Amino acid sequence: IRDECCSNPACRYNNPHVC
């Protein structure tokens, strides 16, 4: 997971409730 996960569209991708 990225430390910029909420900025990161790629983390965002599967993780929209992460932030």
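Here chain A follows Swiss-Prot for its numbers: 45-63, in order, are the residues you see.
Including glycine, each Cβ sits where the backbone N, Cα and C put it.
Annotated 4-carboxyglutamate per Swiss-Prot: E48, in sequence order, evidence recorded as experimental evidence. There are 9 other CB atoms within 10 A of the CB of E48 (4-carboxyglutamate), with all protein chains counted.
A simple way to gauge crowding: the CB of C55 (disulfide bond) has 17 other CB atoms within 10 angstroms, across all the protein chains here. As annotated by Swiss-Prot, disulfide bond applies to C49-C55 (among others), with the evidence given as experimental evidence.
Residue density at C50 (disulfide bond): 12 other Cβ atoms are found within 10 A of its Cβ, drawing on all protein chains shown. Residues or ranges marked as disulfide bond by Swiss-Prot: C50-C63 (among others).
Its Cβ taken as reference, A54 (site 'Important for determining subtype selectivity') is surrounded by 10 other Cβ atoms within 10 Å in the chains shown. The site 'Important for determining subtype selectivity' annotation in Swiss-Prot covers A54.
Cβ neighbours within 10 Å of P60 (4-hydroxyproline), excluding its own Cβ and spanning all shown chains: 9. Here Swiss-Prot flags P60 as 4-hydroxyproline, drawing on experimental evidence.
Here the Cβ of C49 (disulfide bond) has 13 other Cβ atoms within 10 Å, regardless of which shown protein chain they belong to.
All protein chains considered, the CB of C63 (disulfide bond) has 10 other CB atoms within 10 Å.
A Cα-Cα distance of 8 Å separates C63 (disulfide bond) from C49 (disulfide bond).
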